[PDB]
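Visitor: entry18.tsv is the file, holding TSV, C-alpha atoms:
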chain	number	residue	atom	x	y	z
A	1	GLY	CA	0.00	0.00	0.00
A	2	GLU	CA	1.07	3.55	-0.79
A	3	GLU	CA	-0.23	6.95	0.34
A	4	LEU	CA	0.50	8.28	-3.15
A	5	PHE	CA	-2.62	6.48	-4.46
A	6	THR	CA	-5.38	7.22	-1.94
A	7	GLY	CA	-6.97	9.89	-4.13
A	8	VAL	CA	-7.33	10.51	-7.87
A	9	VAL	CA	-3.95	10.70	-9.62
A	10	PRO	CA	-3.26	12.26	-13.04
A	11	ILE	CA	-1.64	9.98	-15.62
A	12	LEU	CA	0.59	10.73	-18.61
A	13	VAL	CA	1.52	8.03	-21.16
A	14	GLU	CA	4.18	8.59	-23.84
A	15	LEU	CA	4.94	5.91	-26.44
A	16	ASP	CA	7.48	6.05	-29.25
A	17	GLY	CA	7.04	3.12	-31.64
A	18	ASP	CA	8.62	1.63	-34.78
A	19	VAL	CA	6.82	-1.35	-36.40
A	20	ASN	CA	8.40	-2.81	-39.57
A	21	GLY	CA	10.00	0.60	-40.08
A	22	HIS	CA	6.71	2.50	-39.62
A	23	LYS	CA	7.43	5.09	-36.90
A	24	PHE	CA	4.70	6.67	-34.79
A	25	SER	CA	4.07	8.32	-31.44
A	26	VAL	CA	1.18	8.12	-28.98
A	27	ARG	CA	0.42	10.44	-26.07
A	28	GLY	CA	-2.27	9.73	-23.49
A	29	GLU	CA	-3.69	11.72	-20.59
A	30	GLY	CA	-6.20	10.86	-17.90
A	31	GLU	CA	-6.42	9.83	-14.28
A	32	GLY	CA	-6.43	6.80	-12.03
A	33	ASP	CA	-8.40	5.83	-8.93
A	34	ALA	CA	-6.57	2.91	-7.31
A	35	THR	CA	-9.12	2.74	-4.49
A	36	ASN	CA	-11.62	1.44	-7.06
A	37	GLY	CA	-9.03	-0.01	-9.48
A	38	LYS	CA	-10.28	2.37	-12.14
A	39	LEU	CA	-8.64	4.42	-14.83
A	40	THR	CA	-9.89	6.67	-17.62
A	41	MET	CA	-7.66	7.75	-20.51
A	42	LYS	CA	-7.66	9.36	-23.92
A	43	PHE	CA	-4.80	8.50	-26.29
A	44	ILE	CA	-3.85	10.29	-29.52
A	45	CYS	CA	-1.52	9.28	-32.35
A	46	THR	CA	0.44	12.51	-32.58
A	47	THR	CA	2.22	11.58	-35.82
A	48	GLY	CA	-0.83	10.89	-38.01
A	49	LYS	CA	-2.47	7.55	-38.74
A	50	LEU	CA	-1.62	4.76	-36.31
A	51	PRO	CA	-0.05	1.95	-38.40
A	52	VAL	CA	-1.26	-0.85	-36.07
A	53	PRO	CA	-4.68	-1.41	-34.45
A	54	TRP	CA	-5.31	0.32	-31.14
A	55	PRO	CA	-6.27	-2.98	-29.41
A	56	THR	CA	-2.72	-4.24	-30.00
A	57	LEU	CA	-1.43	-1.37	-27.83
A	58	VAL	CA	-3.81	-1.54	-24.83
A	59	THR	CA	-1.54	-3.69	-22.64
A	60	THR	CA	1.53	-1.60	-23.46
A	61	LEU	CA	-0.18	1.77	-22.73
A	62	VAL	CA	0.14	1.26	-15.19
A	63	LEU	CA	-0.51	-1.69	-12.91
A	64	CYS	CA	0.11	0.47	-9.84
A	65	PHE	CA	-3.55	1.47	-10.17
A	66	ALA	CA	-4.87	-2.05	-9.48
A	67	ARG	CA	-7.18	-2.50	-6.51
A	68	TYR	CA	-5.70	-4.87	-3.92
A	69	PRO	CA	-8.66	-5.86	-1.69
A	70	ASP	CA	-8.26	-6.05	2.07
A	71	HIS	CA	-9.22	-9.74	2.34
A	72	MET	CA	-6.21	-10.74	0.24
A	73	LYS	CA	-3.80	-8.96	2.64
A	74	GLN	CA	-1.14	-9.26	-0.08
A	75	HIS	CA	1.88	-7.12	-0.86
A	76	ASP	CA	1.47	-4.66	-3.74
A	77	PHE	CA	4.81	-4.59	-5.57
A	78	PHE	CA	3.72	-1.90	-8.02
A	79	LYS	CA	2.75	0.72	-5.43
A	80	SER	CA	5.55	-0.13	-3.00
A	81	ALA	CA	8.10	0.74	-5.72
A	82	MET	CA	6.71	4.28	-5.97
A	83	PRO	CA	7.60	7.15	-6.23
A	84	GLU	CA	10.87	5.99	-7.90
A	85	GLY	CA	8.89	3.31	-9.79
A	86	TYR	CA	9.87	0.36	-11.97
A	87	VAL	CA	10.86	-0.79	-15.44
A	88	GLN	CA	8.28	-2.88	-17.31
A	89	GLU	CA	9.52	-4.96	-20.27
A	90	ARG	CA	7.57	-7.31	-22.56
A	91	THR	CA	7.80	-9.50	-25.58
A	92	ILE	CA	4.38	-9.72	-27.27
A	93	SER	CA	4.01	-12.46	-29.91
A	94	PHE	CA	1.10	-12.44	-32.37
A	95	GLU	CA	0.02	-15.86	-33.65
A	96	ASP	CA	1.35	-16.50	-37.18
A	97	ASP	CA	2.73	-12.94	-37.35
A	98	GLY	CA	5.45	-10.68	-35.93
A	99	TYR	CA	6.16	-9.50	-32.40
A	100	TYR	CA	6.59	-6.38	-30.25
A	101	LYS	CA	9.42	-5.64	-27.83
A	102	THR	CA	8.64	-2.96	-25.22
A	103	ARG	CA	10.60	-1.17	-22.48
A	104	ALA	CA	8.76	1.27	-20.23
A	105	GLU	CA	9.49	3.24	-17.09
A	106	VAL	CA	6.56	3.83	-14.71
A	107	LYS	CA	7.17	6.46	-12.02
A	108	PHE	CA	6.05	9.78	-10.55
A	109	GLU	CA	7.18	13.01	-12.21
A	110	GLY	CA	5.84	15.62	-9.85
A	111	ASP	CA	2.23	14.78	-8.99
A	112	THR	CA	1.78	12.79	-12.23
A	113	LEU	CA	2.16	9.03	-12.71
A	114	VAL	CA	4.08	8.71	-16.01
A	115	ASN	CA	4.38	5.64	-18.28
A	116	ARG	CA	7.13	6.35	-20.87
A	117	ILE	CA	7.51	3.56	-23.45
A	118	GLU	CA	9.80	2.52	-26.28
A	119	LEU	CA	8.19	-0.07	-28.59
A	120	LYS	CA	9.76	-1.99	-31.50
A	121	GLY	CA	7.84	-4.31	-33.82
A	122	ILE	CA	9.54	-6.91	-36.03
A	123	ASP	CA	8.64	-9.42	-38.77
A	124	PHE	CA	5.01	-8.41	-39.32
A	125	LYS	CA	3.11	-9.44	-42.46
A	126	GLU	CA	2.15	-6.39	-44.50
A	127	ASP	CA	-1.38	-7.74	-44.95
A	128	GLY	CA	-1.73	-9.73	-41.74
A	129	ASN	CA	-4.28	-8.76	-39.13
A	130	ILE	CA	-1.99	-6.14	-37.60
A	131	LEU	CA	-0.44	-4.12	-40.43
A	132	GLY	CA	-3.61	-4.86	-42.46
A	133	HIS	CA	-5.95	-3.46	-39.75
A	134	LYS	CA	-8.24	-6.50	-39.56
A	135	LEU	CA	-8.96	-6.42	-35.79
A	136	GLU	CA	-12.21	-5.37	-34.14
A	137	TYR	CA	-12.19	-2.20	-32.00
A	138	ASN	CA	-12.74	-3.84	-28.61
A	139	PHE	CA	-10.87	-5.73	-25.89
A	140	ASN	CA	-11.83	-8.82	-23.90
A	141	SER	CA	-11.50	-9.35	-20.14
A	142	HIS	CA	-8.48	-11.36	-19.00
A	143	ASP	CA	-6.57	-12.56	-15.92
A	144	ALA	CA	-2.78	-12.45	-15.55
A	145	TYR	CA	-0.78	-14.54	-13.07
A	146	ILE	CA	1.87	-12.52	-11.18
A	147	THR	CA	4.90	-14.28	-9.65
A	148	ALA	CA	7.84	-13.00	-7.63
A	149	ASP	CA	11.27	-12.78	-9.28
A	150	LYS	CA	13.51	-12.91	-6.21
A	151	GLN	CA	16.82	-12.83	-8.10
A	152	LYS	CA	15.88	-9.51	-9.77
A	153	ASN	CA	13.91	-8.16	-6.77
A	154	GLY	CA	10.88	-7.85	-9.06
A	155	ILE	CA	7.98	-9.74	-10.66
A	156	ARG	CA	7.14	-11.70	-13.81
A	157	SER	CA	3.94	-12.49	-15.69
A	158	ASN	CA	3.18	-14.63	-18.75
A	159	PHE	CA	-0.37	-14.29	-20.04
A	160	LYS	CA	-2.39	-14.52	-23.25
A	161	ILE	CA	-4.74	-12.01	-24.84
A	162	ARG	CA	-7.49	-13.11	-27.25
A	163	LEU	CA	-7.94	-10.40	-29.91
A	164	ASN	CA	-11.21	-10.40	-31.88
A	165	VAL	CA	-10.60	-10.53	-35.65
A	166	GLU	CA	-13.11	-8.94	-38.03
A	167	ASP	CA	-13.95	-12.31	-39.65
A	168	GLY	CA	-15.19	-13.58	-36.27
A	169	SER	CA	-12.06	-15.56	-35.37
A	170	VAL	CA	-9.63	-14.68	-32.56
A	171	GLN	CA	-5.89	-14.10	-32.72
A	172	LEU	CA	-3.76	-14.71	-29.67
A	173	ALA	CA	-1.21	-12.18	-28.48
A	174	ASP	CA	1.01	-13.93	-25.96
A	175	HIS	CA	2.69	-11.64	-23.44
A	176	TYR	CA	5.94	-12.27	-21.55
A	177	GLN	CA	6.63	-9.61	-18.93
A	178	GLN	CA	9.30	-8.63	-16.39
A	179	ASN	CA	9.24	-5.71	-13.94
A	180	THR	CA	12.25	-4.49	-11.94
A	181	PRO	CA	12.41	-1.62	-9.44
A	182	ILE	CA	14.13	1.70	-10.17
A	183	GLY	CA	16.69	2.78	-7.57
A	184	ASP	CA	17.53	0.81	-4.44
A	185	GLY	CA	14.53	1.41	-2.18
A	186	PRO	CA	13.07	-1.65	-0.46
A	187	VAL	CA	10.12	-3.24	-2.23
A	188	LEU	CA	7.55	-5.86	-1.28
A	189	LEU	CA	7.69	-9.10	-3.24
A	190	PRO	CA	4.24	-10.74	-3.32
A	191	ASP	CA	3.13	-14.32	-3.16
A	192	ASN	CA	1.70	-15.58	-6.44
A	193	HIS	CA	-1.66	-14.01	-7.32
A	194	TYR	CA	-3.81	-12.79	-10.22
A	195	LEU	CA	-4.71	-9.41	-11.68
A	196	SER	CA	-8.14	-9.29	-13.33
A	197	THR	CA	-8.72	-6.63	-16.02
A	198	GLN	CA	-11.73	-5.36	-18.00
A	199	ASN	CA	-11.69	-2.66	-20.66
A	200	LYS	CA	-14.09	-0.44	-22.59
A	201	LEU	CA	-12.87	1.28	-25.77
A	202	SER	CA	-14.80	4.16	-27.34
A	203	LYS	CA	-14.35	7.22	-29.56
A	204	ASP	CA	-14.60	10.94	-28.88
A	205	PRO	CA	-17.15	12.34	-31.38
A	206	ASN	CA	-15.41	15.74	-31.50
A	207	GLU	CA	-11.90	14.33	-32.10
A	208	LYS	CA	-10.54	14.53	-35.63
A	209	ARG	CA	-7.24	12.78	-34.92
A	210	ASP	CA	-6.71	9.02	-34.72
A	211	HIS	CA	-7.40	8.30	-31.06
A	212	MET	CA	-8.73	5.88	-28.45
A	213	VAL	CA	-10.87	6.61	-25.38
A	214	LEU	CA	-10.30	3.96	-22.71
A	215	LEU	CA	-11.92	2.88	-19.45
A	216	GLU	CA	-10.12	0.12	-17.54
A	217	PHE	CA	-10.67	-1.75	-14.26
A	218	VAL	CA	-7.88	-3.79	-12.62
A	219	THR	CA	-8.34	-5.94	-9.50
A	220	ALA	CA	-6.04	-8.34	-7.65
A	221	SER	CA	-7.40	-11.73	-6.64
A	222	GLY	CA	-6.81	-15.47	-6.51
A	223	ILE	CA	-5.53	-18.21	-4.22
Please render this file's structure as structure tokens.
Guide:
Amino acid sequence: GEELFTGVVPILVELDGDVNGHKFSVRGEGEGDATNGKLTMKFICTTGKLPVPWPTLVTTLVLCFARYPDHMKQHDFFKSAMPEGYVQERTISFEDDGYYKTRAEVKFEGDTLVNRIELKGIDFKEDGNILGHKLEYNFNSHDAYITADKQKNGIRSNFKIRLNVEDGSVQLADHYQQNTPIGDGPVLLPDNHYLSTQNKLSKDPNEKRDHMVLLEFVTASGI
């Protein structure tokens, strides 16, 4: 638990990406309410058209806002690392297609929780579901198993995401994640547990740019 999260906290997300040579940038702003595990964001592609589908970026674009209920009485690694924060890295593999590599730093800059990301995408098919924009504009609910990484004083998670394809099939995006603390402050390593996430994606009717409006709920649970 952390006193930095008892109220509503402004959020800034900055992503620089390069997928098969197609460079782009995303900036998001919003706020987070860890007491209810809730966040609300609006993201904008500041370089023009986004060359990948927005649902492929949801997981990359702040787990410190999860709600850890009292009855679990579990250590919250993500908040205990704050204000200095942590590095979050992922490989994301798309079935029968290319993959993302991401490195992000999540930390306070002033009163704002910042998620600053570098993303690189490799070996995508120019008319697969990703570069061909064949994915539905939505996002399913999922659970992710969190385990302690004692040797790196951090955590790991491997989890799958089912992405809805416009032909009615699903395409799996398998995620492989590591988080390590920034600085040398003491952090709480948790026992194994789950984070449960639900998302709602929408559009702003007065927004001309390529954008995504996002509502997300994150709750710890399990075992």
Visitor: For residue 90 (chain A), which residue out of A:178, A:48, A:16, A:163 is the nearest one, using all atoms listed in the file?
Guide: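 Under the stated criterion, the closest residue is A:178.
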Visitor: In terms of the shortest atom-to-atom distance over only C-alpha atoms, which of A:188, A:201, A:26, A:52 is closest to residue 213 (chain A)?
Guide: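 Under the stated criterion, the closest residue is A:201.
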Visitor: In Å, rounded to a single decimal, give me how far CA of residue 176 (chain A) is from CA of residue 214 (chain A).
Guide: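 For CA of residue 214 (chain A) relative to CA of residue 176 (chain A), the distance reads 23.0 Å.
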Visitor: Which polymer residues have any atom within 8 Å of an atom of region 10-12 of chain A, counting all atoms listed in the file, with same-chain residues fewer than 3 positions away left out, as an MDAnalysis selection string?
Guide: chainID A and resid 27:32 111:115
Visitor: Tell me, as a ChimeraX atom specification, which residues lie within 8 Å of residue 134 (chain A), counting only C-alpha atoms; anything in the same chain fewer than 4 positions away does not count.
Guide: /A:128-130,165-166
Visitor: Within 7 Å of residue 148 (chain A), counting all atoms listed in the file, which residues qualify if same-chain residues fewer than 6 places away don't, as a short mmCIF file (atom, residue, chain, number, x, y, z; two decimals) with C-alpha atoms, keeping the file's coordinate frame?
Guide:
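Final output, saved to selection21.cif:
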data_model
loop_
_atom_site.label_atom_id
_atom_site.label_comp_id
_atom_site.auth_asym_id
_atom_site.auth_seq_id
_atom_site.Cartn_x
_atom_site.Cartn_y
_atom_site.Cartn_z
CA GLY A 154 10.88 -7.85 -9.06
CA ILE A 155 7.98 -9.74 -10.66
CA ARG A 156 7.14 -11.70 -13.81
CA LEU A 189 7.69 -9.10 -3.24
CA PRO A 190 4.24 -10.74 -3.32
CA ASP A 191 3.13 -14.32 -3.16
CA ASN A 192 1.70 -15.58 -6.44
#
Visitor: So which residues fall inside 6 Å of (8.7, -8.0, -36.2) if we count all atoms listed in the file? Mind giving them as a ChimeraX atom specification?
Guide: /A:98-99,121-124
Visitor: For residue 79 (chain A), please output as a ChimeraX atom specification all residues within 8 Å (counting only C-alpha atoms; exclusion window: fewer than 2 positions along the same chain).
Guide: /A:1-2,5,64-65,76-77,81-82,85
Visitor: Between A:132, A:51, A:110, A:37, which residue has the minimum interatomic distance to residue 220 (chain A), considering all atoms listed in the file?
Guide: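 Looking at the shortest contact to residue 220 (chain A), the residue is A:37.
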Visitor: Looking at all atoms listed in the file, which of A:202, A:172, A:146, A:83 is the one that sits closest to residue 186 (chain A)?
Guide: A:83
Visitor: If we count only C-alpha atoms and set the cut-off at 6 Å, which residues sit around residue 212 (chain A), ignoring sequence neighbours fewer than 6 positions away in its own chain? Please answer as JSON, numbers by chain.
Guide: {"A": [42, 43, 203]}
Visitor: Restricted to C-alpha atoms, what would the selected residues look like written as a tab-separated table (two decimals), keeping the file's coordinate frame?
Guide:
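The result, stored in selection35.tsv:
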chain	number	residue	atom	x	y	z
A	42	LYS	CA	-7.66	9.36	-23.92
A	43	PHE	CA	-4.80	8.50	-26.29
A	203	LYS	CA	-14.35	7.22	-29.56
Visitor: Measuring atom to atom with all atoms listed in the file, identify which of A:66, A:109, A:45, A:58 is nearest to residue 6 (chain A).
Guide: A:66
Visitor: Figure out the distance between CA of residue 69 (chain A) and CA of residue 185 (chain A), please, to one decimal in Å.
Guide: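 Going from CA of residue 185 (chain A) over to CA of residue 69 (chain A) covers 24.3 Å.
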Visitor: So how many Å separate CA of residue 171 (chain A) and CA of residue 94 (chain A), to one decimal?
Guide: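 Atom-to-atom, CA of residue 171 (chain A) to CA of residue 94 (chain A), that is 7.2 Å.
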